[PDB]
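Notes for the one structure printed next.
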Amino acid sequence: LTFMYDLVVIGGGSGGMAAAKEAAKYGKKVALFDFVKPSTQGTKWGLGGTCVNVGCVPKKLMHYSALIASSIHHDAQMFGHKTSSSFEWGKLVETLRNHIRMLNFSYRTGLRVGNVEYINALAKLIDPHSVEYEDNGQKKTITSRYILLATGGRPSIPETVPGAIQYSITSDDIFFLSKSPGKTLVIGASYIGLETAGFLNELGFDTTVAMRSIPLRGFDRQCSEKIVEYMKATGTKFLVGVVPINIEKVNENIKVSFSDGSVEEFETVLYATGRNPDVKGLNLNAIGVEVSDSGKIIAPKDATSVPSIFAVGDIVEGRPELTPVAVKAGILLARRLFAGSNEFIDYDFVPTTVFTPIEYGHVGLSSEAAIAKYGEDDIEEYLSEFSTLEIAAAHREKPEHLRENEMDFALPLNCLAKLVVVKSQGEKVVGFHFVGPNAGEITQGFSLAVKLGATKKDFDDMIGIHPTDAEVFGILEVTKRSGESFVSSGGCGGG
Amino acid sequence: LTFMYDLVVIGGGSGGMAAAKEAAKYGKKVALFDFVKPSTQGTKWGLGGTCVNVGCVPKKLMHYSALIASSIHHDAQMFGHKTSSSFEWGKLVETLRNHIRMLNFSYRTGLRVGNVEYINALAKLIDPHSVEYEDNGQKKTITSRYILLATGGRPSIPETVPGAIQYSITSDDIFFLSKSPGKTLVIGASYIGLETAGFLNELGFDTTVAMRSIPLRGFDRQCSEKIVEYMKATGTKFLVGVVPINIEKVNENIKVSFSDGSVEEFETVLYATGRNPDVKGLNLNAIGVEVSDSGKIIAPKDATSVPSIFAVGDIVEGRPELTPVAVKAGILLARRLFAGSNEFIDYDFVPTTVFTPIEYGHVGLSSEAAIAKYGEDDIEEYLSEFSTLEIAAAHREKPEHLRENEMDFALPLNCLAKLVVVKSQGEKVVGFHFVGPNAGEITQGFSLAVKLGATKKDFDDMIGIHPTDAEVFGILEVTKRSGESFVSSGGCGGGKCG
Ligand SMILES: Cc1cc2nc3c(=O)[nH]c(=O)nc-3n(C[C@H](O)[C@H](O)[C@H](O)COP(=O)(O)OP(=O)(O)OC[C@H]3O[C@@H](n4cnc5c(N)ncnc54)[C@H](O)[C@@H]3O)c2cc1C
Ligand SMILES: Cc1cc2nc3c(=O)[nH]c(=O)nc-3n(C[C@H](O)[C@H](O)[C@H](O)COP(=O)(O)OP(=O)(O)OC[C@H]3O[C@@H](n4cnc5c(N)ncnc54)[C@H](O)[C@@H]3O)c2cc1C
């Protein structure tokens with residue numbers, strides 16, 4: 001038949017490698033293109049895309065290093081381990097690089113063994129069935145029944161702010177810096193911004209976040225603000241309603257001029273203001289692939305305006321930019337194309353965890369989205385704010401430069417549990433929220449239970465595992481409406 | 001006046017304090033008795049019972065100290081933190097003691113604020129409505145509509161093994177030793193024994209477990225054996241099918257003579273062989289409260305053979321000896337008696353976690369109980385063995401004394417995920433099992449999902465949180481039956497980046 005391939009995948013990240021391997025499982029001929037355009041600062045990397053190289057994986061290793069710093073500062077001596085420690089940025093980088101190298105190789109092999117032809121070049125569309133790449137500086141064209149776009153995004157730097165592109169780094173550079181970043185400015189109170197600032201502060205760097213308005217826009221306000229309260233109490237500085245308007249090299253430092261007329265010097269400036277979909281090189285306009293006002297491909301069912309051309313992951317408008325969503329969309333697409341499946345993701349139940357110094361895991365609706373959808377009177381919020389048992393016994397203290405009196409000694413309680421329930425459906429759980437340690441580990445299971453239609457009664461009749469934080473979800477009784485105190489001061493942990 | 005009290009509770013542990021505070025909530029007059037008989041080695045403590053003083057709370061703080069030791073030995077340098085460290089046993093004890101003291105005080109207050117009359121004396125039954133206690137060396141009797149027994153257990157030491165009672169410690173003593181235990185023998189591959197041996201080894205002590213037969217009897221074999229495999233690779237020694245027959249003091253050490261004719265010196269010997277219900281002081285025989293052959297009270301629905309007398313917690317036959325089971329039974333009993341409730345616990349869905357150096361959380365049936373109940377052919381086991389991402393990148397190594405060659409450097413993979421499903425019910429999940437870090441944190445949620453009737457399909461269509469270990473439960477595909485390798489060697493953690 002008139003096609004060299006059954007499936008050509010442009011992009012070897014979470015979406016692309018998943019689609020490609022699953023297609024190849026059904027005896028289909030599959031080619032995958034992945035090439036890394038260097039960052040605004042010349043950083044590049046191997047196969048596996050944003051999550052493997054410059055996202056979830058390295059961020060989680062840096063978070064782990066941060067939790068180790070925190071445990072050593074706050075906890076080690078109290079639990080009988082008298083420790084002296086010094087942090088060496090280049091050692092942590094070296095451990096990240098070595099683990100990511102192992103994963104680059106692991107994914108190359110996974111593709112070859114999985115009968116996918118991997119090509120390390122930039123691909124572009126020629127027509128609805130044809131893709132072009134260079135190979136020894138010689139354009140080649142290959143034909144496919146089906147084409148999948150999964151090119152992901154890259155960090156966005158404001159072109160209007162002078163010096164930004166030249167002098168600032170992004171998430172593409174932060175995990176691999178040859179030198180420690182020293183005094184750091186992070187612009188963006190997005191999850192990437194807060195996570196990045198959170199681990200740089202925990203690791204002992206002088207850290208400042210420029211937050212234009214509010215933290216974690218779209219996320220539950222109560223939880224988003226508890227995180228910022230905790231980050232402030234552990235030494236992150238926040239400029240609220242302020243952004244850079246100018247960025248200059250003054251000798252070895254970066255002089256940043258702020259929108260409130262203030263000035264401050266930093267060693268490192270990192271933009272975490274968002275990401276644009278990397279689609280400009282794809283030749284979408286000429287082929288008839290429709291894009292939204294944001295530049296994202298219109299494909300609410302993975303199918304673009306061109307019926308031989310599909311898209312998944314961060315480049316698709318109206319879906320969360322998360323790795324598991326990219327992967328499962330790639331696998332389900334592969335099955336629908338080649339195994340007679342008609343299964344899509346249920347986008348109502350996409351859980352997420354933010355890996356801030358205390359983590360935040362949720363699925364379903366914030367208090368705000370719940371109140372907006374069902375009305376204030378059909379909503380109950382059950383919640384509890386408490387300390388992990390082990391942390392309670394550690395007596396974690398504020399740095400002495402942030403003390404306000406003789407009874408402000410303690411860090412905030414590390415945990416917050418909240419269920420958002422609809423009264424007119426026997427208190428059905430429509431929102432689950434947990435701030436605290438291991439929040440992703442806690443939320444995964446609860447997210448399944450919430451998807452299966454768990455009620456507040458189901459949560460009350462649930463037997464707890466003791467001692468855990470997650471057992472708190474079985475004895476929540478204080479409501480926001482009641483106006484009574486949701487703090488628990490006694491240290492039984494999750495209760 | 002018919003009865004002085006609505007409810008009298010004998011025992012101020014998890015069951016008793018929960019029943020008592022909940023009864024008092026409904027305007028009922030409530031008395032609670034708690035007194036601590038000293039351990040075989042003279043150790044005593046305040047209000048709150050086994051979990052607060054000599055169980056879950058101190059065990060979990062010692063485990064945390066162990067995780068800290070492990071993180072500093074294995075991980076700190078790799079994650080950029082060059083450290084020097086030394087362990088001080090008495091400092092950890094002091095941090096435990098301070099936190100437990102705060103909890104003793106917190107519970108005294110919680111009872112007074114909650115309108116419960118707390119009495120620090122031993123109580124016994126006089127008849128179906130009467131209990132006796134001493135007070136300034138003067139016997140007093142008080143009358144109640146209802147009496148609740150929640151006296152818990154105490155560690156059991158074999159009377160048959162000479163020197164055992166005199167020279168050995170139990171879980172009652174281990175958290176408060178004034179001196180570090182040094183070289184330690186633990187008898188029992190029960191959860192208490194393994195957890196105890198696990199943290200003493202992690203904390204740098206020369207540790208040995210005398211295991212009569214198998215680890216964690218009643219628990220899933222595959223998971224129980226992964227734990228012992230991991231504990232062995234990190235320095236715990238296991239004597240299999242061997243137990244002490246004699247225990248003697250040679251100077252300041254304890255010479256232990258074993259059933260296989262072998263002999264060895266230890267600084268500390270700890271019996272974790274199990275626990276007997278503390279009911280001998282209660283005068284049960286004379287009142288007509290029926291007990292099993294094990295001495296546990298027969299009360300399958302909390303009601304004893306005497307209908308005014310109830311029981312909850314560790315003393316009741318045929319229920320798990322866990323704190324949340326004690327608490328919820330206490331609360332539900334209080335509600336049935338005084339708030340017109342008719343709710344009992346569903347004993348089919350009681351999750352538990354063992355806090356071994358890698359933890360083990362589960363709910364429902366082992367592979368063994370699943371195969372026995374439904375038959376081998378109506379059972380699928382889906383599983384994956386892998387490493388946490390962070391642990392994978394740390395390259396955790398065996399201690400040099402257990403190395404056999406140049407390729408046995410690595411610790412076992414830290415994680416094992418397993419679902420046990422029934423084919424004839426569209427692969428309904430009847431058993432959930434997770435070995436690895438934060439296993440209780442992972443299991444709590446899944447336990448609820450499994451109770452609500454989650455299928456293998458539900459698990460496969462579940463969106464992952466990345467990077468976690470718990471996302472592995474969304475992509476399990478290898479079956480035991482398939483005989484294929486369930487190991488993954490690459491370090492994407494629980495999930496796949498693609
Ligand atoms: C700092 C950070 C932290 C994150 N943390 C998490 C987290 O904790 N959990 C989570 O679930 N998600 C997380 N994410 C999100 C996650 O990284 C993405 O959602 C996911 O990687 C999306 O994958 P994708 O398949 O859309 O494409 P990507 O993984 O981004 O890969 C697309 C690939 O295409 C390549 N490419 C682009 N154009 C072409 C071309 N024309 N030809 C060939 N190759 C091309 C790119 O170089 C890239 O390799 C994080 C993201 C970032 C930036
Ligand atoms: C080492 C260890 C670790 C454990 N770890 C865990 C764990 O991690 N998770 C978990 O869920 N469970 C754990 N447990 C189990 C948990 O401690 C018990 O299941 C629970 O505490 C039992 O509660 P209870 O109400 O039956 O009795 P207890 O909590 O034992 O309290 C009974 C109280 O009554 C007192 N008493 C006895 N006789 C009388 C009398 N005549 N008059 C007055 N007072 C009396 C006792 O001294 C005690 O104070 C552990 C147990 C041990 C020993």
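Scheme for the structure tokens: letters A, B, ... for chains in order shown; per-chain residue numbers from 1; ligand numbers from 1 in order shown.
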- Message: Distance limit 6 Å, atoms considered: only C-alpha atoms. Which chain A residues sit that close to chain B? Return them as a PyMOL selection string.
- Response: chain A and resi 14+17-18+61+65+79-88+91-92+99+324+327+350+352+390+393+441-442+445-446+449+463-465+470
The selected residues should be written to file as a PDB file, in the first residue's frame (atoms: C-alpha atoms).
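Now in selection.pdb:
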ATOM      1  CA  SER A  14       6.460  10.946  27.290  1.00  0.00           C
ATOM      2  CA  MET A  17       7.705   7.074  22.978  1.00  0.00           C
ATOM      3  CA  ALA A  18       4.502   5.709  24.610  1.00  0.00           C
ATOM      4  CA  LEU A  61      16.163  14.289  42.550  1.00  0.00           C
ATOM      5  CA  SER A  65      18.503  16.460  48.063  1.00  0.00           C
ATOM      6  CA  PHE A  79      16.733  11.671  66.546  1.00  0.00           C
ATOM      7  CA  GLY A  80      20.254  11.078  68.013  1.00  0.00           C
ATOM      8  CA  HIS A  81      22.361  11.753  64.871  1.00  0.00           C
ATOM      9  CA  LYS A  82      24.724  14.727  65.615  1.00  0.00           C
ATOM     10  CA  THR A  83      25.769  15.778  62.075  1.00  0.00           C
ATOM     11  CA  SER A  84      27.892  18.450  60.396  1.00  0.00           C
ATOM     12  CA  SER A  85      27.246  18.825  56.666  1.00  0.00           C
ATOM     13  CA  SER A  86      28.282  20.975  53.691  1.00  0.00           C
ATOM     14  CA  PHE A  87      26.464  21.004  50.334  1.00  0.00           C
ATOM     15  CA  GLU A  88      28.413  20.617  47.037  1.00  0.00           C
ATOM     16  CA  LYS A  91      28.218  16.452  43.204  1.00  0.00           C
ATOM     17  CA  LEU A  92      24.332  16.591  43.015  1.00  0.00           C
ATOM     18  CA  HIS A  99      21.039   8.844  36.421  1.00  0.00           C
ATOM     19  CA  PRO A 324       1.053  10.490  32.829  1.00  0.00           C
ATOM     20  CA  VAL A 327       1.807   8.670  28.168  1.00  0.00           C
ATOM     21  CA  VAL A 350      -6.344  13.848  36.675  1.00  0.00           C
ATOM     22  CA  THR A 352      -1.272  16.155  40.364  1.00  0.00           C
ATOM     23  CA  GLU A 390       7.971  12.387  63.521  1.00  0.00           C
ATOM     24  CA  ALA A 393       8.682  15.235  67.941  1.00  0.00           C
ATOM     25  CA  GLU A 441       2.202   8.824  47.528  1.00  0.00           C
ATOM     26  CA  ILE A 442      -0.937   9.684  49.634  1.00  0.00           C
ATOM     27  CA  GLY A 445      -4.874   5.829  45.954  1.00  0.00           C
ATOM     28  CA  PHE A 446      -7.409   8.365  47.167  1.00  0.00           C
ATOM     29  CA  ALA A 449     -11.336   5.981  45.378  1.00  0.00           C
ATOM     30  CA  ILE A 463     -10.001   1.909  58.809  1.00  0.00           C
ATOM     31  CA  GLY A 464      -6.798   3.959  59.248  1.00  0.00           C
ATOM     32  CA  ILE A 465      -3.163   2.793  59.101  1.00  0.00           C
ATOM     33  CA  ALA A 470      -3.118   9.580  55.413  1.00  0.00           C
TER      34      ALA A 470
END
- Message: Which residues are near ligand 1 - at most 6 Å, using only C-alpha atoms and all ligand atoms? Format: as a VMD selection string.
- Response: (chain A and resid 10 to 16 33 to 36 48 to 51 54 to 56 121 to 124 150 to 153 171 192 278 281 to 282 313 to 314 321 to 324 326) or (chain B and resid 465 to 467)
- Task: For region 281-296 of chain B, list every protein, DNA or RNA residue within 10 Å, evaluated using only C-alpha atoms, and leave out those in the same chain fewer than 5 positions away; present the list as a PyMOL selection string.
- Result: chain B and resi 10+122-128+131-132+149+151+153+276+303-307+309-310+314-318
Dump C-alpha atoms for the selected residues as a short mmCIF file (atom, residue, chain, number, x, y, z; two decimals), in the first residue's frame?
data_model
loop_
_atom_site.label_atom_id
_atom_site.label_comp_id
_atom_site.auth_asym_id
_atom_site.auth_seq_id
_atom_site.Cartn_x
_atom_site.Cartn_y
_atom_site.Cartn_z
CA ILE B 10 -11.23 -0.56 82.38
CA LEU B 122 -6.25 -1.27 88.83
CA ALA B 123 -9.97 -2.19 88.52
CA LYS B 124 -11.59 -5.71 88.73
CA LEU B 125 -15.17 -7.04 88.08
CA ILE B 126 -17.38 -7.76 91.18
CA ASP B 127 -20.58 -8.58 89.12
CA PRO B 128 -22.26 -7.68 85.75
CA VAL B 131 -16.13 -2.80 89.50
CA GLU B 132 -13.65 -2.58 92.49
CA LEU B 149 -12.93 -4.11 79.07
CA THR B 151 -6.97 -3.81 79.24
CA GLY B 153 -1.97 -7.34 76.29
CA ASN B 276 -0.99 -12.41 76.16
CA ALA B 303 -20.62 -8.10 73.55
CA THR B 304 -19.19 -10.78 75.94
CA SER B 305 -21.20 -13.78 77.33
CA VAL B 306 -22.34 -11.26 80.06
CA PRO B 307 -24.62 -8.77 78.25
CA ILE B 309 -20.03 -6.21 79.72
CA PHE B 310 -18.37 -5.29 76.40
CA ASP B 314 -6.18 -6.62 71.71
CA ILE B 315 -8.05 -8.72 74.39
CA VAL B 316 -10.86 -9.79 71.94
CA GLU B 317 -10.47 -13.09 70.04
CA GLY B 318 -10.63 -13.09 66.21
#
- Item | Point-to-point distance in Å for CA of residue 138 (chain B) and CA of residue 20 (chain B) | 24.9 Å
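The neighbours of residue 205 (chain A) here are the residues that come within 6 Å of it, using only C-alpha atoms and leaving out any residue fewer than 2 positions away in the same chain; they are residues 182, 183, 200, 201, 203 and 207 of chain A.
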Kindly export the residues of the current selection with N, CA and C atoms, as a PDB file, in the first residue's frame.
ATOM      1  N   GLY A 182      24.215  30.568  43.383  1.00  0.00           N
ATOM      2  CA  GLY A 182      24.284  31.597  44.423  1.00  0.00           C
ATOM      3  C   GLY A 182      22.918  32.241  44.635  1.00  0.00           C
ATOM      4  N   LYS A 183      22.932  33.533  44.959  1.00  0.00           N
ATOM      5  CA  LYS A 183      21.716  34.339  45.235  1.00  0.00           C
ATOM      6  C   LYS A 183      20.822  34.307  43.991  1.00  0.00           C
ATOM      7  N   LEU A 200      15.932  25.308  45.951  1.00  0.00           N
ATOM      8  CA  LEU A 200      17.136  26.185  46.049  1.00  0.00           C
ATOM      9  C   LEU A 200      17.260  26.747  47.476  1.00  0.00           C
ATOM     10  N   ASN A 201      16.152  27.133  48.105  1.00  0.00           N
ATOM     11  CA  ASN A 201      16.164  27.650  49.503  1.00  0.00           C
ATOM     12  C   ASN A 201      16.576  26.517  50.436  1.00  0.00           C
ATOM     13  N   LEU A 203      18.339  24.091  49.927  1.00  0.00           N
ATOM     14  CA  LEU A 203      19.744  23.698  49.670  1.00  0.00           C
ATOM     15  C   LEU A 203      20.698  24.798  50.133  1.00  0.00           C
ATOM     16  N   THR A 207      17.238  33.013  48.160  1.00  0.00           N
ATOM     17  CA  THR A 207      16.191  32.740  47.158  1.00  0.00           C
ATOM     18  C   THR A 207      15.078  33.773  47.308  1.00  0.00           C
TER      19      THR A 207
END
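When only C-alpha atoms and all ligand atoms are used to measure the gap to ligand 2, the shortest distance among B:274, B:152, B:364, B:162 belongs to B:152.
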- Which residues come within 9 Å of residue 158 (chain A), counting only C-alpha atoms, excluding same-chain residues fewer than 6 positions away, as an MDAnalysis selection string? chainID A and resid 164:165 271 273
- Item | Polymer residues at most 7 Å from region 373-388 of chain B, only C-alpha atoms, same-chain spacing of 3 or more positions, as a list in words |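 Once the adjacent positions are removed, what remains is residues 369, 370, 391, 392, 413, 414, 415, 416, 417, 418, 419, 420, 421, 422, 423, 424, 469, 476, 477, 478, 479, 480, 486, 487, 488, 489, 491, 493 and 494 of chain B.
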